[PDB]
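A.B. asks: The structure follows.
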Amino acid sequence: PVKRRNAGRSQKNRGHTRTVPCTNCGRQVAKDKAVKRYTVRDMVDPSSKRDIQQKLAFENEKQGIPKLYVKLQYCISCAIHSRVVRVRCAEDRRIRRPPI
Amino acid sequence: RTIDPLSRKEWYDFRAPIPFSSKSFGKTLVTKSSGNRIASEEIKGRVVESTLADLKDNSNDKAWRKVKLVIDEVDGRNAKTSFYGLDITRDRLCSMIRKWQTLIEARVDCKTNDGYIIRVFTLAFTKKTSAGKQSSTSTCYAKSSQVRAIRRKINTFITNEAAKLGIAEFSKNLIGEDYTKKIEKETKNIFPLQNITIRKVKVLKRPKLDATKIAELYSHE
Amino acid sequence: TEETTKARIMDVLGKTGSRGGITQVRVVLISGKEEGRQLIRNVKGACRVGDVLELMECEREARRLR
Amino acid sequence: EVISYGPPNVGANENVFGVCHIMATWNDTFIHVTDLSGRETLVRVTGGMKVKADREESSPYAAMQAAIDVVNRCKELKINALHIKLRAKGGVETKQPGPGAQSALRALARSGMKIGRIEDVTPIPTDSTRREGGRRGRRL
RNA sequence: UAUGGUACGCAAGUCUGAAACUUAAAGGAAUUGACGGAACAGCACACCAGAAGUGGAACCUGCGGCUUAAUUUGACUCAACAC
Ligand SMILES: [Mg+2]
Ligand SMILES: [Mg+2]
Ligand SMILES: [Mg+2]
Ligand SMILES: [Zn+2]
């Protein structure tokens, strides 16, 4: 019972692909296999934002607080446990560009 | 409290070199002279990391350009500084980094006639023309060979524009948008590029400044 | 800091809280310092449309429900 | 009276700029002010200073207490505004700043401290030495 | 695996490679259940806003122990125990 046709990794036309340590655990995982999400968040709770934007010395800031950039790479055990990815029915299992 | 730990500390106002505002930007702390320790001489090598908070008119939009300065001189309770480095905020970088285009990077080593050896890193990105939203479908990559020609060209041009200018000149040009314009004009044949950037500048080998040239660097209007 | 604003509910929007004990609500202000401003607030207790609410901060605005 | 061994000549218009290096770990938080050079250190506060429990070292309560101590101490050095340089342990380790990050940043301004330019400097390998985990990471 | 290798290897071992004996199953995909220290979604005074409280006391009345000649006996999570 082959489960995935992909077999989980996006890799074809090569023998080997570089291994990446998982953010959460640090387990080595295939770069194709890895669940990788790029995150641009803000360093600060919106309330906290109000508080700081009051006190910003340079008034020449328009959204003059930096965003936090993360390239997040999960091993499978981790990205499942941590709900980044979750179990779906056989038919949906092949759906490719899902979010909102 | 008993004996505030800063009891012995003298303060100095930083002064910026010729491309920047003559007005002091920050202030620094140092311990008083001990009769061995000479107050002014403990500061000979210090390094200042600032934005352009340093160009009064033009500053406010560029929080993206970091400038390192090094203190060449102490004059009368205020510390003069010469050029040390150029750089970029994390933000202004990961700002520019997008999937589905090619990331070009170009490193160069150059000499001023001022006697400086500099290392300039340049950054550039593939510019999509085709008018869609760049995506998994909208792939923008440029051929590796085109990348190589782009390096060769950028690099060459910089070494040329370096050898003919003083470090005052060179730094002024470097901070601002001149080189980006020119670089796009050279590069465009090979491939259209977007947000050309000078990622960093390092100063490899710096001569010491005669009183003359350090006066001519100061030269403020 | 004591400063206070009267807030009248235009719409009852959601229902929310871990136990589900709170109501989400849309609000028009009557203070006179800020009039006709609209806000989204989380209210504990039972509310209809067109109640009045005593609000200590018109800056805190509640995260909408999805 | 008050002898502040901070800077000689100020005004009410003037801004006095210190720099705050803030390190947030899953295990602790650091609020550290220096001059624009980074050489001369002004104030130093760790979470562990502010709590006796090893586990609370990182927490927001600790970060808060830390922050207010720092602020109180800059205030007498006549310092209005800190630039902020934020850091997680970084390098090969995690790049997500710890819990104390936000809390300390807030409590700093909450305390009536102006806030200058903000940058994240977290150490970022072009490439890495090998990670402290197993080949298989932390199991459990 | 045993054994034989004018097959290899410094070694680890690699390659070649049995039979006696024993056994009716082992095995493949898929269905339905049941289960899960997986994901999601319902419903109930389950929890939530509350109240009256038991648990603490004396006593009453059940269980269990323990004594007893005998302390008849069934019934132990809701789903035994003023049954
Ligand atoms: Mg292989
Ligand atoms: Mg194409
Ligand atoms: Mg570890
Ligand atoms: Zn993991």
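In the structure tokens, the first chain shown is A, the next is B, and so on; residue numbers restart at 1 for each chain, and ligands run from 1 in the order shown.
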Return as a PyMOL selection string every polymer residue, whether protein, DNA or RNA, with at least one atom no more than 12 Å from an atom of ligand 2; count only C-alpha atoms (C1' of nucleotides) and all ligand atoms.

C.D. replies: chain B and resi 100-101+126-132+134-143

A.B. asks: Taking the DSSP secondary structure from the backbone, can you list the residues of chain A that are strand (DSSP E or B), as an mmCIF file with N, CA, C and O atoms, in the first residue's frame?

C.D. replies:
```cif
data_model
loop_
_atom_site.group_PDB
_atom_site.id
_atom_site.type_symbol
_atom_site.label_atom_id
_atom_site.label_comp_id
_atom_site.auth_asym_id
_atom_site.auth_seq_id
_atom_site.Cartn_x
_atom_site.Cartn_y
_atom_site.Cartn_z
ATOM 1 N N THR A 19 20.256 17.667 3.836
ATOM 2 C CA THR A 19 19.463 17.470 5.046
ATOM 3 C C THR A 19 19.479 18.694 5.963
ATOM 4 O O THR A 19 20.518 19.319 6.178
ATOM 5 N N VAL A 20 18.315 19.024 6.508
ATOM 6 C CA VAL A 20 18.181 20.204 7.347
ATOM 7 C C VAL A 20 17.768 19.787 8.750
ATOM 8 O O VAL A 20 16.951 18.882 8.913
ATOM 9 N N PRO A 21 18.335 20.445 9.773
ATOM 10 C CA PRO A 21 17.912 20.211 11.158
ATOM 11 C C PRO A 21 16.550 20.836 11.407
ATOM 12 O O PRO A 21 16.334 21.973 10.991
ATOM 13 N N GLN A 28 17.566 15.706 11.811
ATOM 14 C CA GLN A 28 17.870 15.836 10.404
ATOM 15 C C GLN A 28 16.689 15.353 9.576
ATOM 16 O O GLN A 28 16.117 14.291 9.837
ATOM 17 N N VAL A 29 16.313 16.156 8.590
ATOM 18 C CA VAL A 29 15.181 15.846 7.733
ATOM 19 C C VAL A 29 15.537 16.255 6.306
ATOM 20 O O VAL A 29 16.360 17.149 6.094
ATOM 21 N N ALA A 30 14.954 15.589 5.323
ATOM 22 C CA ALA A 30 15.265 15.927 3.943
ATOM 23 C C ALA A 30 14.680 17.281 3.609
ATOM 24 O O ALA A 30 13.574 17.588 4.026
ATOM 25 N N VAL A 35 8.633 20.205 6.343
ATOM 26 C CA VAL A 35 7.499 21.106 6.261
ATOM 27 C C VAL A 35 8.064 22.475 6.530
ATOM 28 O O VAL A 35 8.434 22.791 7.649
ATOM 29 N N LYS A 36 8.095 23.303 5.500
ATOM 30 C CA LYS A 36 8.765 24.575 5.598
ATOM 31 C C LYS A 36 7.741 25.661 5.407
ATOM 32 O O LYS A 36 7.060 25.711 4.383
ATOM 33 N N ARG A 37 7.621 26.519 6.411
ATOM 34 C CA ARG A 37 6.781 27.701 6.304
ATOM 35 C C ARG A 37 7.591 28.944 6.640
ATOM 36 O O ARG A 37 8.312 28.995 7.640
ATOM 37 N N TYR A 38 7.487 29.934 5.766
ATOM 38 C CA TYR A 38 8.135 31.209 5.979
ATOM 39 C C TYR A 38 7.159 32.078 6.759
ATOM 40 O O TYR A 38 5.992 32.192 6.396
ATOM 41 N N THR A 39 7.648 32.672 7.842
ATOM 42 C CA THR A 39 6.838 33.437 8.776
ATOM 43 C C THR A 39 7.316 34.878 8.832
ATOM 44 O O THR A 39 8.475 35.140 9.135
ATOM 45 N N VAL A 40 6.429 35.815 8.531
ATOM 46 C CA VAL A 40 6.707 37.204 8.833
ATOM 47 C C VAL A 40 5.723 37.600 9.910
ATOM 48 O O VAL A 40 4.544 37.800 9.632
ATOM 49 N N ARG A 41 6.202 37.731 11.140
ATOM 50 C CA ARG A 41 5.309 38.111 12.220
ATOM 51 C C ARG A 41 5.796 39.446 12.725
ATOM 52 O O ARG A 41 6.731 40.003 12.170
ATOM 53 N N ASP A 42 5.148 39.977 13.750
ATOM 54 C CA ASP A 42 5.628 41.194 14.374
ATOM 55 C C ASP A 42 6.185 40.786 15.725
ATOM 56 O O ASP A 42 5.716 39.821 16.327
ATOM 57 N N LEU A 56 7.930 56.014 20.554
ATOM 58 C CA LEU A 56 8.923 55.997 19.483
ATOM 59 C C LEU A 56 9.508 57.386 19.264
ATOM 60 O O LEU A 56 8.785 58.345 18.986
ATOM 61 N N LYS A 67 9.405 43.907 11.176
ATOM 62 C CA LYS A 67 8.856 42.559 11.300
ATOM 63 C C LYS A 67 9.937 41.505 11.555
ATOM 64 O O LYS A 67 11.101 41.695 11.205
ATOM 65 N N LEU A 68 9.541 40.405 12.182
ATOM 66 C CA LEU A 68 10.416 39.264 12.414
ATOM 67 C C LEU A 68 10.262 38.211 11.320
ATOM 68 O O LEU A 68 9.172 37.645 11.125
ATOM 69 N N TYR A 69 11.359 37.955 10.612
ATOM 70 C CA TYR A 69 11.373 36.985 9.530
ATOM 71 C C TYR A 69 11.959 35.668 9.999
ATOM 72 O O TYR A 69 13.063 35.618 10.536
ATOM 73 N N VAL A 70 11.197 34.606 9.793
ATOM 74 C CA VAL A 70 11.581 33.267 10.189
ATOM 75 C C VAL A 70 11.443 32.360 8.987
ATOM 76 O O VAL A 70 10.403 32.350 8.348
ATOM 77 N N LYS A 71 12.471 31.599 8.652
ATOM 78 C CA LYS A 71 12.204 30.456 7.792
ATOM 79 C C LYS A 71 12.180 29.220 8.674
ATOM 80 O O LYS A 71 13.208 28.794 9.206
ATOM 81 N N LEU A 72 10.984 28.660 8.822
ATOM 82 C CA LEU A 72 10.720 27.609 9.791
ATOM 83 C C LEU A 72 10.683 26.246 9.105
ATOM 84 O O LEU A 72 9.911 26.036 8.170
ATOM 85 N N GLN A 73 11.513 25.321 9.572
ATOM 86 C CA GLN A 73 11.611 24.015 8.936
ATOM 87 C C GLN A 73 11.401 22.869 9.910
ATOM 88 O O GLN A 73 12.208 22.635 10.811
ATOM 89 N N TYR A 74 10.312 22.143 9.689
ATOM 90 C CA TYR A 74 9.867 21.090 10.584
ATOM 91 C C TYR A 74 10.121 19.703 10.040
ATOM 92 O O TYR A 74 9.819 19.411 8.880
#
```

A.B. asks: Select, as a PyMOL selection string, those residues of chain C with any atom no more than 7 Å from chain E (distances computed using only C-alpha atoms (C1' of nucleotides)).

C.D. replies: chain C and resi 19-21

A.B. asks: With N, CA, C and O atoms retained, export the selected residues as a PDB file, in the first residue's frame.

C.D. replies:
```pdb
ATOM      1  N   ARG C  19     -15.111  28.973  28.106  1.00  0.00           N
ATOM      2  CA  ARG C  19     -16.360  28.343  28.506  1.00  0.00           C
ATOM      3  C   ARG C  19     -17.510  28.853  27.646  1.00  0.00           C
ATOM      4  O   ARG C  19     -18.612  28.316  27.694  1.00  0.00           O
ATOM      5  N   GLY C  20     -17.250  29.896  26.863  1.00  0.00           N
ATOM      6  CA  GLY C  20     -18.292  30.554  26.090  1.00  0.00           C
ATOM      7  C   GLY C  20     -19.146  31.478  26.940  1.00  0.00           C
ATOM      8  O   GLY C  20     -20.370  31.517  26.801  1.00  0.00           O
ATOM      9  N   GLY C  21     -18.494  32.237  27.814  1.00  0.00           N
ATOM     10  CA  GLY C  21     -19.200  33.098  28.741  1.00  0.00           C
ATOM     11  C   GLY C  21     -19.289  34.560  28.336  1.00  0.00           C
ATOM     12  O   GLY C  21     -19.889  35.364  29.047  1.00  0.00           O
TER      13      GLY C  21
END
```

A.B. asks: With only C-alpha atoms (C1' of nucleotides) as the counted atoms, please give the residues lying no more than 7 Å from segment 85-93 of chain B, apart from itself and same-chain residues fewer than 6 positions off, as number ranges by chain.

C.D. replies: A: 66-67; B: 64-69, 199-203; D: 119-120

A.B. asks: Determine which residues of chain B sit within 8 Å of chain D, taking into account only C-alpha atoms, and present them as a count of residues only.

C.D. replies: 21

A.B. asks: Identify, on the basis of only C-alpha atoms (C1' of nucleotides), every residue whose closest approach to residue 55 of chain D does not exceed 10 Å; exclude the query and any residue fewer than 5 positions from it along the same chain; express the result as a PyMOL selection string.

C.D. replies: chain D and resi 26-28+48

A.B. asks: Select the residues contacting ligand 4 at a distance of at most 7 Å, based on only C-alpha atoms (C1' of nucleotides) and all ligand atoms, then format the selection as number ranges by chain.

C.D. replies: A: 22-27, 74-78; D: 137

A.B. asks: Would you save the residues from that selection as a PDB file, in the first residue's frame, using N, CA and C atoms?

C.D. replies:
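Result written to again38.pdb:
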```pdb
ATOM      1  N   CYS A  22      15.660  20.120  12.086  1.00  0.00           N
ATOM      2  CA  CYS A  22      14.320  20.625  12.373  1.00  0.00           C
ATOM      3  C   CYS A  22      14.378  21.741  13.408  1.00  0.00           C
ATOM      4  N   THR A  23      13.632  22.819  13.179  1.00  0.00           N
ATOM      5  CA  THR A  23      13.585  23.942  14.131  1.00  0.00           C
ATOM      6  C   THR A  23      13.257  23.450  15.544  1.00  0.00           C
ATOM      7  N   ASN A  24      12.180  22.680  15.656  1.00  0.00           N
ATOM      8  CA  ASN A  24      11.637  22.259  16.941  1.00  0.00           C
ATOM      9  C   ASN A  24      12.538  21.299  17.717  1.00  0.00           C
ATOM     10  N   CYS A  25      12.919  20.203  17.071  1.00  0.00           N
ATOM     11  CA  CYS A  25      13.777  19.174  17.668  1.00  0.00           C
ATOM     12  C   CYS A  25      15.238  19.297  17.240  1.00  0.00           C
ATOM     13  N   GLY A  26      15.465  19.373  15.933  1.00  0.00           N
ATOM     14  CA  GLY A  26      16.811  19.479  15.399  1.00  0.00           C
ATOM     15  C   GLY A  26      17.163  18.216  14.660  1.00  0.00           C
ATOM     16  N   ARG A  27      16.195  17.311  14.613  1.00  0.00           N
ATOM     17  CA  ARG A  27      16.356  16.103  13.842  1.00  0.00           C
ATOM     18  C   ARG A  27      16.634  16.446  12.393  1.00  0.00           C
ATOM     19  N   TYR A  74      10.312  22.143   9.689  1.00  0.00           N
ATOM     20  CA  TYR A  74       9.867  21.090  10.584  1.00  0.00           C
ATOM     21  C   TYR A  74      10.121  19.703  10.040  1.00  0.00           C
ATOM     22  N   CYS A  75      10.654  18.847  10.901  1.00  0.00           N
ATOM     23  CA  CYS A  75      10.639  17.418  10.664  1.00  0.00           C
ATOM     24  C   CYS A  75       9.177  17.010  10.767  1.00  0.00           C
ATOM     25  N   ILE A  76       8.841  15.836  10.249  1.00  0.00           N
ATOM     26  CA  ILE A  76       7.444  15.416  10.180  1.00  0.00           C
ATOM     27  C   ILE A  76       6.790  15.153  11.540  1.00  0.00           C
ATOM     28  N   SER A  77       7.454  14.381  12.395  1.00  0.00           N
ATOM     29  CA  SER A  77       6.940  14.091  13.726  1.00  0.00           C
ATOM     30  C   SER A  77       6.553  15.389  14.420  1.00  0.00           C
ATOM     31  N   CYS A  78       7.460  16.356  14.338  1.00  0.00           N
ATOM     32  CA  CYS A  78       7.257  17.674  14.920  1.00  0.00           C
ATOM     33  C   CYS A  78       6.092  18.431  14.295  1.00  0.00           C
TER      34      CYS A  78
ATOM     35  N   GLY D 137      17.619  14.270  16.944  1.00  0.00           N
ATOM     36  CA  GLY D 137      17.128  15.383  17.747  1.00  0.00           C
ATOM     37  C   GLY D 137      16.772  14.987  19.165  1.00  0.00           C
TER      38      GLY D 137
END
```

A.B. asks: Could you work out which residues of chain C fall inside 12 Å of chain A? Count only C-alpha atoms, and format the result as a PyMOL selection string.

C.D. replies: chain C and resi 59-63

A.B. asks: With only C-alpha atoms (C1' of nucleotides) and all ligand atoms counted, collect every polymer residue having an atom within 8 Å of ligand 3; state the result as a list in words.

C.D. replies: residues 132, 133 and 138 of chain D

A.B. asks: Residues within 6 Å of segment 4-10 of chain A, please, as an mmCIF file with N, CA, C and O atoms, in the first residue's frame. Count only C-alpha atoms (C1' of nucleotides); anything in the same chain fewer than 2 positions from it doesn't count.

C.D. replies:
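As written to disk, out_19.cif reads:
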```
data_model
loop_
_atom_site.group_PDB
_atom_site.id
_atom_site.type_symbol
_atom_site.label_atom_id
_atom_site.label_comp_id
_atom_site.auth_asym_id
_atom_site.auth_seq_id
_atom_site.Cartn_x
_atom_site.Cartn_y
_atom_site.Cartn_z
ATOM 1 N N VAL A 2 1.314 1.647 -1.184
ATOM 2 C CA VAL A 2 1.934 2.938 -1.325
ATOM 3 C C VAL A 2 0.886 3.934 -0.857
ATOM 4 O O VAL A 2 -0.263 3.888 -1.310
ATOM 5 N N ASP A 32 13.519 18.325 0.877
ATOM 6 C CA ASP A 32 12.268 18.177 0.141
ATOM 7 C C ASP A 32 11.160 17.812 1.105
ATOM 8 O O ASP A 32 10.078 18.390 1.061
ATOM 9 N N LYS A 33 11.445 16.855 1.984
ATOM 10 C CA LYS A 33 10.448 16.322 2.913
ATOM 11 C C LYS A 33 9.956 17.347 3.927
ATOM 12 O O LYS A 33 8.763 17.370 4.262
#
```

A.B. asks: At a cut-off of 10 Å around ligand 1, and using only C-alpha atoms (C1' of nucleotides) and all ligand atoms, what residues come up? Please write them as number ranges by chain.

C.D. replies: A: 14-17

A.B. asks: Keeping only N, CA and C atoms, write the selected residues to a file as an mmCIF file, in the first residue's frame.

C.D. replies:
```
data_model
loop_
_atom_site.group_PDB
_atom_site.id
_atom_site.type_symbol
_atom_site.label_atom_id
_atom_site.label_comp_id
_atom_site.auth_asym_id
_atom_site.auth_seq_id
_atom_site.Cartn_x
_atom_site.Cartn_y
_atom_site.Cartn_z
ATOM 1 N N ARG A 14 16.954 13.354 -9.166
ATOM 2 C CA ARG A 14 18.227 13.343 -8.443
ATOM 3 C C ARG A 14 18.304 12.202 -7.434
ATOM 4 N N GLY A 15 19.522 11.816 -7.070
ATOM 5 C CA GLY A 15 19.724 10.791 -6.067
ATOM 6 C C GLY A 15 19.615 11.277 -4.634
ATOM 7 N N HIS A 16 20.131 12.476 -4.382
ATOM 8 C CA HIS A 16 20.346 12.942 -3.018
ATOM 9 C C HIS A 16 19.960 14.402 -2.807
ATOM 10 N N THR A 17 19.356 14.697 -1.660
ATOM 11 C CA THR A 17 19.074 16.086 -1.313
ATOM 12 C C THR A 17 19.508 16.444 0.112
#
```

A.B. asks: What does the distance between atom CA of residue 178 of chain B and atom CA of residue 25 of chain B come to in Å, to one decimal place?

C.D. replies: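 Interatomic distance here is 25.3 Å.
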
A.B. asks: With only C-alpha atoms (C1' of nucleotides) considered, list every residue of chain E at most 9 Å from chain A, as a list in words.

C.D. replies: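 So the residues of chain E near chain A are residues 29, 38 and 39 of chain E.
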
A.B. asks: Nearest to residue 58 of chain A among D:116, D:90, D:125, D:97, with distances taken over only C-alpha atoms: which residue is it?

C.D. replies: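 So, comparing all the options, the nearest one is D:116.
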
A.B. asks: Residues at most 12 Å from residue 210 of chain B, counting only C-alpha atoms (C1' of nucleotides), excluding those fewer than 4 positions away in the same chain, as a PyMOL selection string?

C.D. replies: chain B and resi 72-73+114+214-217

A.B. asks: When you get a sec, could you note down which chain B residues fall within 8 Å of chain A, using only C-alpha atoms, as a count of residues only?

C.D. replies: 4
